[PDB]
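> In their complex positions, the first chains:
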Amino acid sequence: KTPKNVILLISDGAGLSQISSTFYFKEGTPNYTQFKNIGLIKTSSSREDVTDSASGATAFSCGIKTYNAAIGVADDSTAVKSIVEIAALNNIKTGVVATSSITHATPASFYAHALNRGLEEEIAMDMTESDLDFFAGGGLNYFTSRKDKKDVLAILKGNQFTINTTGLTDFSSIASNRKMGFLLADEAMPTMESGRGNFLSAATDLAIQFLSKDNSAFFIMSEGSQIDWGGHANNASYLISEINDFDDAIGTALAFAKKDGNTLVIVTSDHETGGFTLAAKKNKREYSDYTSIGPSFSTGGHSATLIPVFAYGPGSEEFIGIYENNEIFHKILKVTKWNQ
């Protein structure tokens, strides 16, 4: 009932309908079918019925409701301790993986504290002050082509990071590093449609092997970042290709957890985007053909639907039922007994 390790996978912008696309548009059975314990979260922020990713992720990373655009700060704008900082005090190794820039609102709410999510140069500099042990994502520009002219990589190397800006490597290439960071694009990683391939699964496997090196317990947040961008663009093949990749990472996590026996895997989203619907195909006589799906959208923004939570591993029963998003944080602390 007490997990040693926690992997949190966040599919940005995926409601149940986006999840459902994997049951129609992906070869084979989705890894979602492996879960038995399922819950539901209410995703409103402290001030807005519709959340953004910043307050959405800060509800998970810090266990409070805060205003849209906040990174790691409470509604009154004061810094709050995150699960990464708490994990560091409990001797837990930590890693953050994302297919957006590593400074984007979701990863950022795990290692920075900023008044507004668009302060991405401040966020990059904030990593220099975090106990983060591993990261992988885009966003090389935020560390090396800055308004202030500073070389943030040099500071990170001073803090014991090895940084790779060229490719994800084998685990044998990084096993002896103390901390490891990958910055593999200037801004966001490529889309799956532009050849990103299995970055998310590979990077999440690297984080697991790296952070568990010396029998240390770990916490990892891996984010399927571009699902939401698909929803905002009302671009169905973009959305579906990104969520199928995210379902591959879920299989990666779960294959490790099932063998390990001491790992809790939580999958959820921050909010839904686009009103994405698996509607019947539309024909011109305009009528429906229920034999076939034609994905449609109703909005270019986020929506307030409750969002599914999936949990596998010791303590996974704590995540069933219907609760506010910020209680994800408290439920993790409860089952791991990591102290605050």
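Yep, it's here. Residues are numbered from 1 along each chain as shown, chains lettered A, B, ... in the order given.
> from here on, contacts and neighbour counts on C-alpha atoms
Will do.
> wait, what's in contact with residue A:282?
Residues in contact with residue A:282 (Cα atoms under 8 Å, 6 or more residues apart in numbering) are A:288-289, A:294.
> Any of these buried? List them.
Buried by 16 or more other Cα atoms under 10 Å: nothing, out of those.
> from these, which is closest to residue A:155?
Residue A:155 lies nearest to residue A:294 out of the contacts of residue A:282, by Cα to Cα, at 49.9 Å.
> Touching, that closest one and residue A:280? I think so.
Yes. Residue A:294 is within contact range of residue A:280, at 5.4 Å (criterion: Cα atoms under 8 Å).
> Enumerate every residue touching residue A:11.
Contacts of residue A:11 by Cα under 8 Å, 6+ apart are A:223-225, A:227, A:243, A:246, A:267-270.
> if you set the cut-off to 10 Å instead, what comes out?
The contact partners of residue A:11, by Cα atoms under 10 Å, 6 or more residues apart in numbering, come to A:18-19, A:106, A:222-228, A:242-243, A:246-247, A:267-272.
> Looking at the residues you listed, which are in strands?
Of the contacts of residue A:11, the ones assigned to strands by DSSP state E are A:222-224, A:267-268, A:272.
> mind putting the residues you listed in CSV, neighbour count and distance to residue A:76 included?
As requested, the ones in strands among the contacts of residue A:11 are exported to CSV (neighbours: other Cα atoms under 10 Å; distance: Cα to Cα, whole Å):
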residue, neighbour count, distance to residue A:76
A:222, 30, 28
A:223, 27, 27
A:224, 26, 29
A:267, 23, 29
A:268, 25, 26
A:272, 29, 26
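> do you know how far the closest residue to residue A:115 other than its chain neighbours is from residue A:63?
Leaving aside its sequence neighbours, residue A:115 sits nearest to residue A:70 (Cα to Cα, 6 or more residues apart in numbering; 5.4 Å). Counting by Cα to Cα, to the nearest Å, the gap from residue A:70 to residue A:63 is 13 Å.
> Overlap of the contact sets of these two?
residue A:57.
> Looking at these two, which is more packed in?
Using other Cα atoms under 10 Å as the criterion, residue A:70 and residue A:63 rank with residue A:70 on top: 28 against 25.
> ok, that one touching residue A:117?
Yes. Using Cα atoms under 10 Å, residue A:70 is in contact with residue A:117, at 6.1 Å.
> quick one: contacts for residue A:13?
Applying Cα under 10 Å, 6+ apart, we find residue A:13 in contact with A:52-53, A:224-232, A:239, A:243, A:268-274, A:301-303, A:307.
> also put chain B on there:
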Amino acid sequence: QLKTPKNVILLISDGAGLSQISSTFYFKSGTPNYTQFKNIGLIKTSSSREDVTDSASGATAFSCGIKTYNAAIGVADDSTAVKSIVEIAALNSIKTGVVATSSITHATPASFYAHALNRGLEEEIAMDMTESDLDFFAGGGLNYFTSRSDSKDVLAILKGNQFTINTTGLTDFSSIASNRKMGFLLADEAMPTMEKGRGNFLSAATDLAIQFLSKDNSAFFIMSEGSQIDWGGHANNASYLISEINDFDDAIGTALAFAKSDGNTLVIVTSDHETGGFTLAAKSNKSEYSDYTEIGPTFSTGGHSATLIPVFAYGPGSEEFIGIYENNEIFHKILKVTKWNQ
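To build on what is shown above, here is chain B added in:
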């Protein structure tokens, strides 16, 4: 090794996806009864021939435990009749009831007492009621029993089978307690909408079924349907959809209040499919920008969609309903937990 329920209440919200359910968290006074549920599953709703299901195949999945074609009522993909949960209940000495806010002959209620090649055959469906072992029903659809193209009087046949029938109003329990079976036909076609003054019919009817079917310490099975959530969806009419699902949520609280007091009753809440691509979008301010402080509901289709659908279960055996499975497994899971003879 789960607990075994004596009784089962299956509540269907037709047309309600997770976004429809979520509307009760923003548009209902107080806290939704959905929040009482701990055990939660997901069903895949495709029919035997269609990725996007209709109510008939999707309800027949629940009542008979098979995938079948859109429009089938209690019949298999080859059009042969299949034994239903209500027919199994009767053979196990279980009292049965069906409630709906549509006509009682409409596809969801029909799939639990009738066997017909096509949901359009509502006069045959009303006739099938006379050969079923149903003990209790309430809904609309008086026209299918007394104003038929074949000028037969079906009501007379139902009374011939030990039904008492009321076409006036729902009564209290002591009003109907001595009757061996009870039917309420309270509208010619569909019951009124919530916006046109239906009021608390669905909870009252469900409560009444529960008292009636549990006379003399009898085990029971009830299907009650929030039928018009779907029609709000089809019309792309937010206040209609939302008032109808708020009323369904009230029905959930009625079922759950009984189950908690009883302690021997499994309550299952699900839907057959989603409809309308209903979305709790950010309100538009005016030339148009999104204001995330508040919600303005939007739709993307006039028809059903293929999203996976949430299942909620509470009571003995409810742990059977977690995880992800085909819609037709609802039937098999009900059978498995109740330990009824098949």
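> Could you re-examine the contacts of residue A:11 with chain B now present?
By Cα atoms under 10 Å, 6 or more residues apart in numbering or on different chains, the contact list for residue A:11 reads A:18-19, A:106, A:222-228, A:242-243, A:246-247, A:267-272.
> whoops, I mixed them up, residue A:278
Residue A:278 makes contact with A:17-18, A:20-21, A:24, A:292-297, B:51-52, B:274-275, B:277, B:300-301, B:304-308 under the criterion Cα under 10 Å, 6+ apart.
> same check, this time on residue A:298
Shown in contact with residue A:298 (Cα under 10 Å, 6+ apart): A:231, A:234, A:273-277, B:277-279, B:281, B:297-301.
> Residue A:140 now?
By Cα under 10 Å, 6+ apart, residue A:140 lies in contact with A:101-103, A:124, A:152-153, A:165, A:182-188.
> Please report how far the residue nearest to it when sequence neighbours are not counted lies from chain B.
Spatially, and ignoring its direct neighbours in sequence, residue A:140 is nearest to residue A:186 (4.4 Å; Cα to Cα, 6 or more residues apart in numbering or on different chains). Look at residue A:186 and chain B: by Cα to the nearest Cα, to the nearest Å, they are 30 Å apart.
> Phi and psi next, for residue A:186.
Here is the backbone geometry of residue A:186 (degrees, to the nearest 10): phi -60, psi -50.
> quick one, strands of the stretch 151-300 of chain A?
Applying DSSP state E, counting those that start in this stretch to the stretch 151-300 of chain A gives strands spanning A:161-164, A:179-183, A:218-224, A:263-268, A:272-273, A:280-283, A:287-293.
> Within the sheet, what are the partner strands of the second one, with directions?
Okay, so that is strand A:179-183. Counting by DSSP bridges, the strands paired with strand A:179-183 are strand A:134-138 (parallel), strand A:161-164 (parallel).
> Tabulate these in a markdown table, adding columns for mean neighbour count.
As requested, the strands paired with strand A:179-183 are arranged in a markdown table below (neighbours: other Cα atoms under 10 Å in any protein chain shown):
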| stretch | mean neighbour count |
| --- | --- |
| strand A:134-138 | 27 |
| strand A:161-164 | 18 |
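> Would you agree residue A:287 is in contact with residue A:294?
No. Between residue A:287 and residue A:294 there is no contact under Cα under 10 Å: 12.0 Å.
> shared neighbours of the two, anything?
Contact criterion Cα under 10 Å, 6+ apart; residues shared by residue A:287 and residue A:294: A:280-281.
> all strands of the stretch 1-150 of chain A, in order?
Per DSSP E, counting those that start in this stretch, the stretch 1-150 of chain A carries strands over the ranges A:5-11, A:37-42, A:93-101, A:134-138.
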